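Shown next: start38.cif, containing mmCIF, N, CA, C and O atoms.
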```
data_structure
#
loop_
_atom_site.label_atom_id
_atom_site.label_comp_id
_atom_site.auth_asym_id
_atom_site.auth_seq_id
_atom_site.Cartn_x
_atom_site.Cartn_y
_atom_site.Cartn_z
N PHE A 1 145.60 95.28 157.48
CA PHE A 1 144.57 94.57 158.30
C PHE A 1 143.18 94.60 157.66
O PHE A 1 142.39 93.67 157.87
N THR A 2 142.88 95.63 156.87
CA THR A 2 141.52 95.87 156.38
C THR A 2 141.36 96.47 154.97
O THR A 2 141.02 95.78 154.02
N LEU A 3 141.62 97.78 154.88
CA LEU A 3 141.06 98.64 153.84
C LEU A 3 141.64 98.44 152.44
O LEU A 3 142.58 99.13 152.04
N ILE A 4 141.07 97.49 151.69
CA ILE A 4 141.52 97.24 150.32
C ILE A 4 140.41 97.41 149.28
O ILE A 4 140.68 97.50 148.08
N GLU A 5 139.16 97.48 149.75
CA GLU A 5 138.00 97.66 148.88
C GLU A 5 137.98 99.07 148.28
O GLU A 5 137.61 99.25 147.12
N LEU A 6 138.37 100.06 149.07
CA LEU A 6 138.46 101.45 148.61
C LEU A 6 139.67 101.64 147.70
O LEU A 6 139.61 102.40 146.73
N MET A 7 140.77 100.95 148.02
CA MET A 7 142.02 101.07 147.29
C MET A 7 141.99 100.40 145.91
O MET A 7 142.54 100.93 144.95
N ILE A 8 141.35 99.23 145.83
CA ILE A 8 141.24 98.52 144.55
C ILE A 8 140.20 99.16 143.63
O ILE A 8 140.44 99.31 142.43
N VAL A 9 139.05 99.56 144.19
CA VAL A 9 137.97 100.16 143.40
C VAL A 9 138.30 101.58 142.90
O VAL A 9 137.76 102.02 141.89
N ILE A 10 139.21 102.28 143.58
CA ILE A 10 139.72 103.55 143.05
C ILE A 10 140.76 103.29 141.95
O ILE A 10 140.97 104.13 141.07
N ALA A 11 141.38 102.12 142.00
CA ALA A 11 142.42 101.73 141.04
C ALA A 11 141.87 100.91 139.87
O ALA A 11 142.59 100.67 138.89
N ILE A 12 140.62 100.46 139.96
CA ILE A 12 139.95 99.82 138.83
C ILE A 12 139.24 100.85 137.95
O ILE A 12 139.10 100.65 136.74
N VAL A 13 138.80 101.95 138.56
CA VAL A 13 138.20 103.07 137.83
C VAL A 13 139.30 103.85 137.11
O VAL A 13 139.08 104.40 136.02
N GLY A 14 140.48 103.90 137.72
CA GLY A 14 141.66 104.50 137.12
C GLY A 14 142.12 103.76 135.88
O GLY A 14 142.40 104.38 134.86
N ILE A 15 142.18 102.43 135.97
CA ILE A 15 142.54 101.60 134.82
C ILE A 15 141.39 101.46 133.81
O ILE A 15 141.62 101.18 132.64
N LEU A 16 140.16 101.66 134.29
CA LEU A 16 138.98 101.65 133.42
C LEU A 16 139.00 102.86 132.49
O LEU A 16 138.60 102.76 131.33
N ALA A 17 139.47 103.99 133.01
CA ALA A 17 139.62 105.22 132.23
C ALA A 17 140.73 105.07 131.19
O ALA A 17 140.63 105.61 130.09
N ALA A 18 141.78 104.33 131.55
CA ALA A 18 142.90 104.06 130.65
C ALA A 18 142.51 103.13 129.50
O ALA A 18 143.05 103.23 128.40
N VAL A 19 141.58 102.22 129.77
CA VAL A 19 141.03 101.32 128.74
C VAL A 19 139.97 102.05 127.91
O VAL A 19 139.85 101.81 126.71
N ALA A 20 139.22 102.94 128.56
CA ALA A 20 138.21 103.75 127.87
C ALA A 20 138.82 104.95 127.15
O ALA A 20 138.12 105.68 126.44
N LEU A 21 140.12 105.15 127.33
CA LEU A 21 140.84 106.29 126.75
C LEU A 21 141.00 106.19 125.22
O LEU A 21 140.63 107.13 124.52
N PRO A 22 141.54 105.08 124.70
CA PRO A 22 141.71 104.93 123.24
C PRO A 22 140.40 104.76 122.48
O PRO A 22 140.35 105.11 121.30
N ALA A 23 139.37 104.22 123.14
CA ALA A 23 138.06 104.04 122.52
C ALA A 23 137.37 105.38 122.27
O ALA A 23 136.82 105.61 121.19
N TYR A 24 137.42 106.26 123.27
CA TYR A 24 136.86 107.61 123.18
C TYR A 24 137.74 108.50 122.29
O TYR A 24 137.23 109.38 121.60
N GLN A 25 139.05 108.26 122.33
CA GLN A 25 140.00 108.93 121.44
C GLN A 25 139.88 108.47 120.00
O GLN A 25 140.25 109.20 119.08
N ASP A 26 139.39 107.24 119.80
CA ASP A 26 139.24 107.16 118.04
C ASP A 26 137.79 107.43 117.71
O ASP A 26 137.48 107.92 116.63
N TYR A 27 136.89 107.13 118.65
CA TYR A 27 135.49 107.39 118.42
C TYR A 27 135.42 108.89 118.23
O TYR A 27 134.71 109.40 117.37
N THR A 28 136.20 109.58 119.04
CA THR A 28 136.25 111.02 119.02
C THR A 28 136.78 111.56 117.69
O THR A 28 136.14 112.40 117.05
N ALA A 29 137.96 111.10 117.28
CA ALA A 29 138.56 111.56 116.03
C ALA A 29 137.67 111.23 114.85
O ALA A 29 137.47 112.05 113.95
N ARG A 30 137.15 110.01 114.86
CA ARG A 30 136.28 109.51 113.81
C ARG A 30 135.06 110.39 113.73
O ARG A 30 134.40 110.44 112.70
N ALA A 31 134.76 111.08 114.83
CA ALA A 31 133.60 111.98 114.89
C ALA A 31 133.94 113.35 114.30
O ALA A 31 133.11 113.98 113.64
N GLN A 32 135.17 113.79 114.54
CA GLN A 32 135.66 115.08 114.06
C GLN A 32 135.94 115.04 112.56
O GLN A 32 136.03 116.08 111.90
N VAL A 33 136.10 113.84 112.02
CA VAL A 33 136.35 113.68 110.60
C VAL A 33 135.02 113.62 109.88
O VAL A 33 134.88 114.11 108.76
N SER A 34 134.03 113.02 110.53
CA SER A 34 132.71 112.89 109.93
C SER A 34 132.11 114.26 109.62
O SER A 34 131.15 114.37 108.86
N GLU A 35 132.69 115.29 110.22
CA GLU A 35 132.20 116.64 109.99
C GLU A 35 132.95 117.30 108.87
O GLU A 35 132.38 118.05 108.09
N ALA A 36 134.25 117.03 108.79
CA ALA A 36 135.04 117.58 107.72
C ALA A 36 134.34 117.13 106.45
O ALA A 36 134.31 117.83 105.44
N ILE A 37 133.75 115.94 106.53
CA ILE A 37 133.04 115.38 105.41
C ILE A 37 131.73 116.11 105.14
O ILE A 37 131.35 116.30 103.98
N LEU A 38 131.06 116.55 106.19
CA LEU A 38 129.79 117.24 106.00
C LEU A 38 130.03 118.65 105.49
O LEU A 38 129.22 119.20 104.75
N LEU A 39 131.17 119.21 105.88
CA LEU A 39 131.51 120.55 105.44
C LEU A 39 131.98 120.51 104.00
O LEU A 39 131.83 121.47 103.25
N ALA A 40 132.56 119.38 103.61
CA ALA A 40 133.04 119.21 102.25
C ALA A 40 131.83 119.07 101.34
O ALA A 40 131.77 119.67 100.27
N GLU A 41 130.86 118.28 101.77
CA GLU A 41 129.65 118.08 100.99
C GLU A 41 128.83 119.36 101.04
O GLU A 41 129.24 120.34 101.69
N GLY A 42 127.68 119.38 100.38
CA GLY A 42 126.84 120.57 100.40
C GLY A 42 127.48 121.67 99.57
O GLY A 42 126.96 122.78 99.40
N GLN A 43 128.66 121.33 99.07
CA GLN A 43 129.42 122.20 98.22
C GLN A 43 129.55 121.41 96.93
O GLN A 43 130.19 121.82 95.98
N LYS A 44 128.90 120.26 96.93
CA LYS A 44 128.88 119.40 95.78
C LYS A 44 127.93 120.08 94.83
O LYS A 44 128.19 120.16 93.63
N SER A 45 126.85 120.61 95.38
CA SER A 45 125.83 121.32 94.62
C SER A 45 126.45 122.37 93.70
O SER A 45 126.27 122.34 92.49
N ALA A 46 127.18 123.31 94.30
CA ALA A 46 127.81 124.35 93.51
C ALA A 46 128.67 123.72 92.42
O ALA A 46 128.52 124.03 91.23
N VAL A 47 129.57 122.84 92.82
CA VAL A 47 130.47 122.19 91.88
C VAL A 47 129.76 121.40 90.79
O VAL A 47 130.18 121.43 89.64
N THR A 48 128.71 120.68 91.15
CA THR A 48 127.98 119.90 90.17
C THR A 48 127.34 120.82 89.14
O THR A 48 127.49 120.65 87.93
N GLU A 49 126.63 121.82 89.63
CA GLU A 49 125.98 122.74 88.74
C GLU A 49 127.02 123.39 87.83
O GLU A 49 126.89 123.36 86.61
N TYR A 50 128.08 123.95 88.42
CA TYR A 50 129.09 124.59 87.58
C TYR A 50 129.55 123.67 86.45
O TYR A 50 129.64 124.10 85.31
N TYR A 51 129.83 122.41 86.77
CA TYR A 51 130.27 121.46 85.75
C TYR A 51 129.21 121.18 84.66
O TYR A 51 129.51 121.26 83.46
N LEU A 52 128.00 120.82 85.07
CA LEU A 52 126.93 120.53 84.12
C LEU A 52 126.55 121.74 83.26
O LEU A 52 126.24 121.60 82.08
N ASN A 53 126.60 122.93 83.84
CA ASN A 53 126.25 124.12 83.07
C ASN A 53 127.37 124.54 82.10
O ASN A 53 127.08 125.05 81.03
N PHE B 1 130.89 107.29 119.77
CA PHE B 1 129.99 107.52 120.95
C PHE B 1 128.72 108.30 120.59
O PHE B 1 127.69 108.11 121.23
N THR B 2 128.80 109.15 119.56
CA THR B 2 127.71 110.09 119.26
C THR B 2 127.44 110.42 117.78
O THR B 2 126.47 109.94 117.19
N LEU B 3 128.32 111.25 117.21
CA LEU B 3 128.00 112.08 116.05
C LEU B 3 127.86 111.33 114.72
O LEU B 3 128.82 111.22 113.95
N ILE B 4 126.65 110.83 114.45
CA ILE B 4 126.39 110.13 113.19
C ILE B 4 125.28 110.79 112.35
O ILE B 4 125.12 110.49 111.17
N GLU B 5 124.52 111.69 112.98
CA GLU B 5 123.43 112.41 112.31
C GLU B 5 123.98 113.40 111.29
O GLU B 5 123.39 113.57 110.22
N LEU B 6 125.09 114.05 111.62
CA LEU B 6 125.76 114.98 110.71
C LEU B 6 126.48 114.23 109.59
O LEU B 6 126.52 114.69 108.45
N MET B 7 127.05 113.07 109.93
CA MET B 7 127.83 112.26 109.00
C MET B 7 126.96 111.54 107.96
O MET B 7 127.35 111.44 106.79
N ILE B 8 125.81 111.03 108.38
CA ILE B 8 124.90 110.34 107.47
C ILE B 8 124.14 111.32 106.58
O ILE B 8 124.00 111.09 105.37
N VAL B 9 123.67 112.43 107.16
CA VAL B 9 122.90 113.43 106.41
C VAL B 9 123.76 114.23 105.40
O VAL B 9 123.23 114.74 104.41
N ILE B 10 125.07 114.32 105.64
CA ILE B 10 125.97 114.89 104.64
C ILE B 10 126.25 113.87 103.52
O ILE B 10 126.57 114.24 102.39
N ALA B 11 126.10 112.59 103.86
CA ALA B 11 126.35 111.49 102.93
C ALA B 11 125.09 111.00 102.21
O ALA B 11 125.18 110.21 101.27
N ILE B 12 123.92 111.45 102.67
CA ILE B 12 122.67 111.19 101.95
C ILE B 12 122.39 112.27 100.91
O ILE B 12 121.76 112.01 99.89
N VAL B 13 122.86 113.49 101.18
CA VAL B 13 122.76 114.60 100.23
C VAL B 13 123.78 114.40 99.11
O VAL B 13 123.54 114.78 97.96
N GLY B 14 124.92 113.80 99.46
CA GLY B 14 125.95 113.44 98.50
C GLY B 14 125.47 112.38 97.52
O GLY B 14 125.68 112.51 96.31
N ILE B 15 124.82 111.34 98.04
CA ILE B 15 124.25 110.28 97.19
C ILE B 15 122.96 110.72 96.51
O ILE B 15 122.58 110.17 95.47
N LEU B 16 122.28 111.72 97.09
CA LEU B 16 121.08 112.30 96.50
C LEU B 16 121.43 113.06 95.22
O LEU B 16 120.68 113.04 94.25
N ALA B 17 122.59 113.73 95.24
CA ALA B 17 123.11 114.44 94.08
C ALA B 17 123.52 113.47 92.97
O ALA B 17 123.36 113.77 91.79
N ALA B 18 124.04 112.31 93.37
CA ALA B 18 124.45 111.26 92.44
C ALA B 18 123.25 110.60 91.76
O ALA B 18 123.34 110.16 90.61
N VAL B 19 122.13 110.52 92.48
CA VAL B 19 120.87 110.00 91.93
C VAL B 19 120.17 111.08 91.09
O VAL B 19 119.54 110.77 90.08
N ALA B 20 120.30 112.33 91.52
CA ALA B 20 119.74 113.47 90.78
C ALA B 20 120.62 113.89 89.61
O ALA B 20 120.23 114.77 88.82
N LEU B 21 121.79 113.27 89.48
CA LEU B 21 122.75 113.60 88.44
C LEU B 21 122.30 113.17 87.03
O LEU B 21 122.30 114.01 86.12
N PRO B 22 121.93 111.90 86.82
CA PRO B 22 121.48 111.44 85.50
C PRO B 22 120.12 111.99 85.08
O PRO B 22 119.87 112.10 83.88
N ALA B 23 119.27 112.33 86.04
CA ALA B 23 117.95 112.90 85.76
C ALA B 23 118.07 114.31 85.19
O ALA B 23 117.40 114.65 84.21
N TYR B 24 118.93 115.13 85.81
CA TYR B 24 119.20 116.49 85.37
C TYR B 24 120.06 116.48 84.10
O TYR B 24 119.92 117.36 83.24
N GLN B 25 120.95 115.49 83.99
CA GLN B 25 121.74 115.27 82.77
C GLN B 25 120.90 114.75 81.61
O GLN B 25 121.26 114.93 80.45
N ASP B 26 119.79 114.08 81.93
CA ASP B 26 119.03 113.83 80.36
C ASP B 26 117.95 114.88 80.21
O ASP B 26 117.61 115.26 79.10
N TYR B 27 117.42 115.35 81.33
CA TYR B 27 116.41 116.39 81.27
C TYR B 27 117.11 117.54 80.60
O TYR B 27 116.55 118.24 79.75
N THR B 28 118.36 117.73 80.99
CA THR B 28 119.18 118.80 80.47
C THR B 28 119.43 118.66 78.97
O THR B 28 119.17 119.60 78.20
N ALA B 29 119.93 117.51 78.54
CA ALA B 29 120.22 117.28 77.12
C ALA B 29 118.96 117.39 76.29
O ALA B 29 118.95 117.99 75.22
N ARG B 30 117.90 116.77 76.80
CA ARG B 30 116.61 116.76 76.16
C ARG B 30 116.12 118.18 76.00
O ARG B 30 115.29 118.46 75.14
N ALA B 31 116.64 119.07 76.83
CA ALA B 31 116.26 120.49 76.78
C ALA B 31 117.07 121.24 75.71
O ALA B 31 116.55 122.12 75.04
N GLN B 32 118.33 120.85 75.57
CA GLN B 32 119.25 121.45 74.61
C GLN B 32 118.92 121.00 73.18
O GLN B 32 119.33 121.64 72.21
N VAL B 33 118.21 119.89 73.06
CA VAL B 33 117.83 119.38 71.76
C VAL B 33 116.53 120.04 71.34
O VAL B 33 116.31 120.32 70.16
N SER B 34 115.67 120.30 72.32
CA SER B 34 114.39 120.93 72.04
C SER B 34 114.57 122.29 71.39
O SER B 34 113.63 122.84 70.81
N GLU B 35 115.78 122.82 71.50
CA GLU B 35 116.06 124.12 70.91
C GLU B 35 116.61 123.98 69.52
O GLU B 35 116.31 124.78 68.64
N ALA B 36 117.43 122.95 69.32
CA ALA B 36 117.98 122.71 68.01
C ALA B 36 116.76 122.58 67.11
O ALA B 36 116.77 122.98 65.94
N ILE B 37 115.68 122.06 67.68
CA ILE B 37 114.44 121.88 66.95
C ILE B 37 113.76 123.21 66.68
O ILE B 37 113.17 123.39 65.61
N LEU B 38 113.83 124.13 67.62
CA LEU B 38 113.18 125.42 67.43
C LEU B 38 113.96 126.26 66.44
O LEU B 38 113.38 127.07 65.71
N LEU B 39 115.27 126.06 66.41
CA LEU B 39 116.11 126.80 65.50
C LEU B 39 115.95 126.23 64.09
O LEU B 39 116.11 126.94 63.10
N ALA B 40 115.65 124.95 64.02
CA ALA B 40 115.46 124.29 62.74
C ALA B 40 114.15 124.78 62.15
O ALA B 40 114.06 125.11 60.96
N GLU B 41 113.12 124.85 62.98
CA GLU B 41 111.81 125.32 62.54
C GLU B 41 111.91 126.82 62.29
O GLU B 41 112.97 127.42 62.49
N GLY B 42 110.81 127.44 61.87
CA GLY B 42 110.83 128.88 61.62
C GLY B 42 111.63 129.18 60.38
O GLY B 42 111.78 130.33 59.94
N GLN B 43 112.18 128.11 59.82
CA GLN B 43 112.94 128.17 58.61
C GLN B 43 112.17 127.26 57.67
O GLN B 43 112.56 127.03 56.54
N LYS B 44 111.04 126.79 58.17
CA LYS B 44 110.17 125.95 57.40
C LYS B 44 109.49 126.90 56.45
O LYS B 44 109.32 126.60 55.27
N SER B 45 109.14 128.07 56.97
CA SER B 45 108.49 129.12 56.19
C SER B 45 109.22 129.39 54.89
O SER B 45 108.65 129.28 53.81
N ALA B 46 110.49 129.76 55.00
CA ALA B 46 111.27 130.03 53.81
C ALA B 46 111.22 128.84 52.86
O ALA B 46 110.86 128.97 51.69
N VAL B 47 111.56 127.67 53.38
CA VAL B 47 111.58 126.46 52.58
C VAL B 47 110.23 126.11 51.95
O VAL B 47 110.17 125.69 50.80
N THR B 48 109.16 126.27 52.71
CA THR B 48 107.83 125.96 52.19
C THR B 48 107.50 126.89 51.04
O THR B 48 107.11 126.47 49.95
N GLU B 49 107.66 128.18 51.28
CA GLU B 49 107.36 129.14 50.25
C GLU B 49 108.21 128.85 49.01
O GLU B 49 107.67 128.70 47.91
N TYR B 50 109.53 128.72 49.19
CA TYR B 50 110.36 128.44 48.02
C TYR B 50 109.83 127.26 47.21
O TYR B 50 109.74 127.35 45.99
N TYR B 51 109.46 126.17 47.88
CA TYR B 51 108.93 125.01 47.18
C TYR B 51 107.60 125.26 46.45
O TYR B 51 107.46 124.95 45.26
N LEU B 52 106.61 125.81 47.17
CA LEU B 52 105.31 126.09 46.56
C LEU B 52 105.39 127.11 45.43
O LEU B 52 104.67 127.00 44.44
N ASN B 53 106.27 128.10 45.55
CA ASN B 53 106.39 129.09 44.49
C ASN B 53 107.14 128.56 43.27
O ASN B 53 106.83 128.96 42.15
#
```
Can you turn what I pasted into structure tokens?
Amino acid sequence: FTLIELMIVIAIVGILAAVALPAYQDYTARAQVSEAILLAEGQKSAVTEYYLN
Amino acid sequence: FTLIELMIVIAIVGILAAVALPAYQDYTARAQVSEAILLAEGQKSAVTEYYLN
């Protein structure tokens, strides 16, 4: 008879999270890799010097 | 969503080393030659004397 505004809007936020799930999941991974890269670098110094010397 | 400050600054130090690479590599060579020159000299004495005598 009535109450569908609460039911649909709770189910659009539910599906909104499902659509926002893979975006945050590669943005996220892509973020965790960007650090492996920062940890890898800064060690270029040692390696560069060792090679040139 | 976020983490690009760590990713770019690890990648600017990486490219900074690549730009600082040829500068240290001729400054370096130019330094190793400046010695071949010092080792060559100081032997001028012997040679000069031998010639004048």
Polymer residues at most 5 Å from stretch 38-49 of chain A, only N, CA, C and O atoms, same-chain spacing of 4 or more positions, as a PyMOL selection string: (chain A and resi 34+53) or (chain B and resi 6+10)
At a cut-off of 7 Å, can you tabulate as JSON lines every residue of chain B near chain A together with its closest atom pair and the distance in Å to one decimal, using only N, CA, C and O atoms and ordering rows by chain then number?
```
{"residue": "B:1", "atom": "N", "partner": "A:27", "partner_atom": "CA", "distance": 4.8}
{"residue": "B:2", "atom": "N", "partner": "A:27", "partner_atom": "O", "distance": 6.3}
{"residue": "B:3", "atom": "O", "partner": "A:31", "partner_atom": "CA", "distance": 4.9}
{"residue": "B:6", "atom": "O", "partner": "A:34", "partner_atom": "O", "distance": 4.7}
{"residue": "B:7", "atom": "CA", "partner": "A:34", "partner_atom": "O", "distance": 3.9}
{"residue": "B:8", "atom": "N", "partner": "A:34", "partner_atom": "O", "distance": 6.3}
{"residue": "B:9", "atom": "C", "partner": "A:38", "partner_atom": "CA", "distance": 6.8}
{"residue": "B:10", "atom": "CA", "partner": "A:38", "partner_atom": "CA", "distance": 4.7}
{"residue": "B:11", "atom": "N", "partner": "A:38", "partner_atom": "CA", "distance": 6.3}
{"residue": "B:13", "atom": "C", "partner": "A:42", "partner_atom": "N", "distance": 6.5}
{"residue": "B:14", "atom": "N", "partner": "A:42", "partner_atom": "N", "distance": 6.3}
```
Deliver the residues from the most recent selection as a file, using N, CA, C and O atoms, as a CSV table (one decimal), in the coordinates of the input.
```csv
chain,number,residue,atom,x,y,z
B,1,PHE,N,130.9,107.3,119.8
B,1,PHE,CA,130.0,107.5,121.0
B,1,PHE,C,128.7,108.3,120.6
B,1,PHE,O,127.7,108.1,121.2
B,2,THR,N,128.8,109.2,119.6
B,2,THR,CA,127.7,110.1,119.3
B,2,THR,C,127.4,110.4,117.8
B,2,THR,O,126.5,109.9,117.2
B,3,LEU,N,128.3,111.2,117.2
B,3,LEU,CA,128.0,112.1,116.0
B,3,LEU,C,127.9,111.3,114.7
B,3,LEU,O,128.8,111.2,114.0
B,6,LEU,N,125.1,114.0,111.6
B,6,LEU,CA,125.8,115.0,110.7
B,6,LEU,C,126.5,114.2,109.6
B,6,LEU,O,126.5,114.7,108.4
B,7,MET,N,127.0,113.1,109.9
B,7,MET,CA,127.8,112.3,109.0
B,7,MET,C,127.0,111.5,108.0
B,7,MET,O,127.4,111.4,106.8
B,8,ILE,N,125.8,111.0,108.4
B,8,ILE,CA,124.9,110.3,107.5
B,8,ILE,C,124.1,111.3,106.6
B,8,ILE,O,124.0,111.1,105.4
B,9,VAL,N,123.7,112.4,107.2
B,9,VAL,CA,122.9,113.4,106.4
B,9,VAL,C,123.8,114.2,105.4
B,9,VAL,O,123.2,114.7,104.4
B,10,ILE,N,125.1,114.3,105.6
B,10,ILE,CA,126.0,114.9,104.6
B,10,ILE,C,126.2,113.9,103.5
B,10,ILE,O,126.6,114.2,102.4
B,11,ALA,N,126.1,112.6,103.9
B,11,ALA,CA,126.4,111.5,102.9
B,11,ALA,C,125.1,111.0,102.2
B,11,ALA,O,125.2,110.2,101.3
B,13,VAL,N,122.9,113.5,101.2
B,13,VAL,CA,122.8,114.6,100.2
B,13,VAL,C,123.8,114.4,99.1
B,13,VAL,O,123.5,114.8,98.0
B,14,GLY,N,124.9,113.8,99.5
B,14,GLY,CA,126.0,113.4,98.5
B,14,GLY,C,125.5,112.4,97.5
B,14,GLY,O,125.7,112.5,96.3
```
Sel. of alpha helix (DSSP H) residues, chain A, as number ranges by chain: A: 5-40, 44-52
Atomic separation - atom O of residue A:51 relative to atom O of residue B:25, Å: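 If I compute the distance from atom O of residue B:25 to atom O of residue A:51, I get 10.8 Å.
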Å distance separating atom C of residue A:22 from atom N of residue B:4, one decimal place: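 These atoms are spaced 17.0 Å apart.
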